[PDB]
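Some notes on the structure that comes next.
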Amino acid sequence: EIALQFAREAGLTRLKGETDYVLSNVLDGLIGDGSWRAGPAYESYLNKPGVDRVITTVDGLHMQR
Amino acid sequence: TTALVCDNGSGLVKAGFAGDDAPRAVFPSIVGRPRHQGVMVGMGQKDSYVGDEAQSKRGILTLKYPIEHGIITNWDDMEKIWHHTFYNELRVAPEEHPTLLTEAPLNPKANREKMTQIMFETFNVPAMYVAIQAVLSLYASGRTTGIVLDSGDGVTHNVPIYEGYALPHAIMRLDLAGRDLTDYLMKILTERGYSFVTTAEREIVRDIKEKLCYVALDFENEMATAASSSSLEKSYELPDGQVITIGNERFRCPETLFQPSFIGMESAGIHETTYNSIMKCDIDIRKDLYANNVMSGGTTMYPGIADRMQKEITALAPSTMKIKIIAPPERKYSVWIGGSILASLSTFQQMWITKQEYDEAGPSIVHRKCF
Amino acid sequence: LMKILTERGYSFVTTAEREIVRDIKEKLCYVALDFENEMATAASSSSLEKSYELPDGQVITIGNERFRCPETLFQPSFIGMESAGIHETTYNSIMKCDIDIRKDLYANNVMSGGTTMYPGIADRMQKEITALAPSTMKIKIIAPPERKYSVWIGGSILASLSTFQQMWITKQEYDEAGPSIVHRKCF
Amino acid sequence: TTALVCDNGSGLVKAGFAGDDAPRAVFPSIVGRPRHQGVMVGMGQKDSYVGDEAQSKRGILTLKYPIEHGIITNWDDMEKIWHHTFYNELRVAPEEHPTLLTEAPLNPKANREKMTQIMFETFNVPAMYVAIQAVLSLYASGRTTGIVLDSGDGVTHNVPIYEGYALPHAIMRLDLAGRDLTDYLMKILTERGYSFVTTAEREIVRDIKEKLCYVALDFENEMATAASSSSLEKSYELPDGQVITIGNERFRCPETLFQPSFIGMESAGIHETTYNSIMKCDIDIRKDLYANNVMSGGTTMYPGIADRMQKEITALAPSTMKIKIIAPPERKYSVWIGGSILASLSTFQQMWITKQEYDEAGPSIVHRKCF
Ligand SMILES: Nc1ncnc2c1ncn2[C@@H]1O[C@H](COP(=O)(O)OP(=O)(O)O)[C@@H](O)[C@H]1O
Ligand SMILES: Nc1ncnc2c1ncn2[C@@H]1O[C@H](COP(=O)(O)OP(=O)(O)O)[C@@H](O)[C@H]1O
Ligand SMILES: Nc1ncnc2c1ncn2[C@@H]1O[C@H](COP(=O)(O)OP(=O)(O)O)[C@@H](O)[C@H]1O
Ligand SMILES: [Mg+2]
Ligand SMILES: [Mg+2]
């Protein structure tokens, strides 16, 4: 779990396959499936399937059209 | 005469009669005052609103919590709260009932001193008593050995008890509870364009957290899944008809309990706090304390929290020990149930703080006849 | 309406003619539910046209001016103003209040005054606000028949409530504070 | 190659080359369209006027602000403004120069995503980076420790930094800024009979607010002076030759910054927000934060606002601490100067987000290499 926490937050698995080969065996020893080379999956807010423009209390004092 | 049990928690107030199975009145511990200037004469407006009444009209009020991190900051508001609890929900006369109270461990002593003074002067109660919430929680579950993790709205504390003997030096306290989770969710919700800033909108975020949050068994595994598809997404309807949709915010908000560093606190997660508290007891009672974890309080109602706690403790404890986490379905009211049980025991009737005693000793008597 | 009746050769330029045109507007105009749809019908046939008798015996007939005149309430662009329509003004007026009272304010649209008396204006208001409002919310328009005198009736009520006789302004108070007292005592 | 810094604020857009002392181009962020009919043929009237040409001809246009409360709302209008900034105001090709963009803290994450995508697809910039405006304000001050209060046209926010270490949990954001003050001044000017309702007449109110308003040291004493005599009354000449005179409105309009309840907002004034943001930090850095208050933004240029800030904070902080407010004369352009410094540092050349790095991870990359 600690290795995955560094990967997602800091970026330990940025190279995602061309690491120093010292960090490789340590990760390979921790998780043997070898799935860390894929990279940490990230959520993209560009698409917005559930985009919900919401006028709350503050946003309702100042708008256009 | 009939005894009264009043659990004045940070978020909600539980009240009722001793010997009952459930509290009779449960209302939020909020006092609201108008923020706009009135224009229509004849209806009449009160200067303040208390409890459910302040919740209904929250669109024109500012709601102030009289209790913060378990310590009563505003005393006039708490006086009004007790007035309400005594005359508009239970419909009782305080002078004719012995009332019981609860207090979080390791709190300032001025808090309980003022509580005792207020109840013996403003309301003239014939008898009173202040108990530690964890002890009542242990009474409610019908056990005399185990470690209690009571996590309410303001305070999350651990109190290990063995064979009716507590170990005060092992008691932990952490000011990380439901209100901080609500604040963290209010901060995180801005990542999706939803902005809640007003005190009325704080309550809405609280309802969202109550109805849509859960604790993930594997945090990194859960985050990956929500980033891969839209399975975990759910939509909530705002009071004005608009709809919002929250994704990984569902399990990020409660994760502050296990990773306090999200909100800038240096303390350890509640699992590590429980382990540290167990490890500070004697070596001969750790086997029993491992196998009698009792959770109670509102913050322990997130679905799946029991499994995550069991997994973390097992990861911390030695292999040969057996870890059992006890989560009764009525744990939200465990403190009040325990208080009702304690007030109905015959042996306890000799432990009340009578008015006579208070008069002779003074508000200082709360530090002797109470733990 | 004065500027638009010139399109049929009718000219009104003096104040008495102003009152006459105002009377025509009171007696013949109405608010069309779909301005674009109603404009097609008027240009297609002559069912919408009516007749009015001028004070000196001449007879005038007006067509699409019946519902183009009151449309300026919804599209102030007709008289050159940049401001938005009354429906969108009401919508904005609600979005500037606190989120917990929007539900109640949708369900209590009260309308009053003579300009509100046009036939069908309540239905057009309801349709426009429903178009602007969220789908779940219920839009209800309250249009009492005597709304031409709602302000006076409310004044009559407020001047007769017992709890009001302490909110007066008296000459003795006037002499001490001067004309500035009105902002301090009244809203 | 030379870098560009583009501080696309809510009210004005600042642009220039890195290493330069002042922005080369400053123009209002307005996109305008005609609201009449063009009866003269042969002029070939265009569709949209952007920038100064919109202000000059505003008598026949409707003016629309694409950025509001620091959040871009009309992306086509923003695209037009960026196109104008790159081509007609700087006379440079965006495809050959690195660019730096600024953003307010606590914005929705989708806001910077679309900025990154537009820069990397429509303009094909070689590299780009997004920084928080508050941090860049500290770079221009030549300081590495202090709390910044940035207040522009849309957003007023606080960011505490100690020894180059930011504390995200103490960041404050308040949507109360210059546009709100202009609207409140419009609403108050109807008391003297002056009426302003069109967008073109909004800009005149902005000009009179800039040229006549000042922050009062003591509000109540200032009101009495205004009502007693005519000393504070000043005259302004409208563009048509008509003259207006305003009285206490000179210092009532900026008072909203300290009393948000004037415009119906519930949050506290800027002074209390600044004090609260410091008090959320560790107690061992509060002395430096009191000693290094830095202010920036247009809404800070009111005469005598720094003295009011000092008086207000010193009344809240303990008596032993020293409050030093820093208000450099060029603080209206602090953010751009800080950006120009940052893009010019050799050690910053490795923090750019390149096109080769963009496509690899998609627009999501902006949430990792930036803050
Ligand atoms: N089903 C639920 N899911 C998540 N949180 C809950 C749920 N029910 C209650 N809570 C939380 O519990 C808190 C109050 O519970 P409680 O322990 O009664 O507080 P207190 O002990 O102060 O009275 C609330 O702040 C709420 O956030
Ligand atoms: N039946 C009607 N249909 C349409 N318009 C009307 C009608 N009656 C009155 N009006 C309009 O209402 C306007 C003023 O009415 P009223 O509500 O008395 O104004 P005020 O509120 O200023 O007293 C008049 O100019 C007239 O054009
Ligand atoms: N001398 C001044 N006095 C008062 N207000 C000013 C002055 N100069 C600029 N402003 C205000 O500053 C606001 C925008 O300034 P600026 O900080 O550049 O905004 P942004 O940071 O969004 O570019 C304008 O709305 C204007 O009202
Ligand atoms: Mg409790
Ligand atoms: Mg700016």
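The numbering of chain B matches Swiss-Prot: 7-377, in order.
Every residue, even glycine, has its Cβ placed from backbone N, Cα and C.
What Swiss-Prot records for B:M46, B:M49 is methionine (R)-sulfoxide. According to Swiss-Prot, the feature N6-malonyllysine maps to B:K63. Residues annotated as tele-methylhistidine in Swiss-Prot, with experimental evidence given as evidence: B:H75. Annotation comment: Swiss-Prot describes B:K86 as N6-methyllysine, evidence class similarity to another entry. Sequence annotations record features per position, and here Swiss-Prot assigns ADP-ribosylarginine to B:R179. Taken from Swiss-Prot, the feature region 'Interaction with alpha-actinin' covers B:112-125, B:360-372, and the record attributes it to experimental evidence.
Overlay of Swiss-Prot annotations on the structure.
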{"residue": "B:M46", "record": "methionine (R)-sulfoxide", "Cβ within 10 Å": "8"}
{"residue": "B:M49", "record": "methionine (R)-sulfoxide", "Cβ within 10 Å": "7"}
{"residue": "B:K63", "record": "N6-malonyllysine", "Cβ within 10 Å": "15"}
{"residue": "B:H75", "record": "tele-methylhistidine", "Cβ within 10 Å": "17"}
{"residue": "B:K86", "record": "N6-methyllysine", "Cβ within 10 Å": "17"}
{"residue": "B:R179", "record": "ADP-ribosylarginine", "Cβ within 10 Å": "17"}
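Straight-line distance linking the Cα atoms of B:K86 (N6-methyllysine) and B:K63 (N6-malonyllysine), rounded to a whole number, equals 18 Å. In this structure, B:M46 (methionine (R)-sulfoxide) belongs to neither helix nor strand by DSSP; it is coil. With B:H75 (tele-methylhistidine) as the anchor, the candidate modified residues are B:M46, B:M49, B:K63, B:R179, and the one with the nearest CA is B:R179. Counting only the Cα atoms, the space from B:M46 (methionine (R)-sulfoxide) to B:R179 (ADP-ribosylarginine) is about 49 angstrom.
Separation of the C-alpha atoms of the residue listed as 'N6-malonyllysine' and B:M49 (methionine (R)-sulfoxide): 15 Å, rounded to the nearest whole number. Counting only the Cα atoms, the space from B:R179 (ADP-ribosylarginine) to B:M49 (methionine (R)-sulfoxide) is about 47 angstrom. Highlighted here would be the modified residues (B:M46, B:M49, B:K63, B:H75, B:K86, B:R179) whose C-beta falls below 6 Å from ligand 4, but none qualifies. Secondary structure at the residue listed as 'ADP-ribosylarginine', taken from DSSP and collapsed to helix, strand or coil, is strand.
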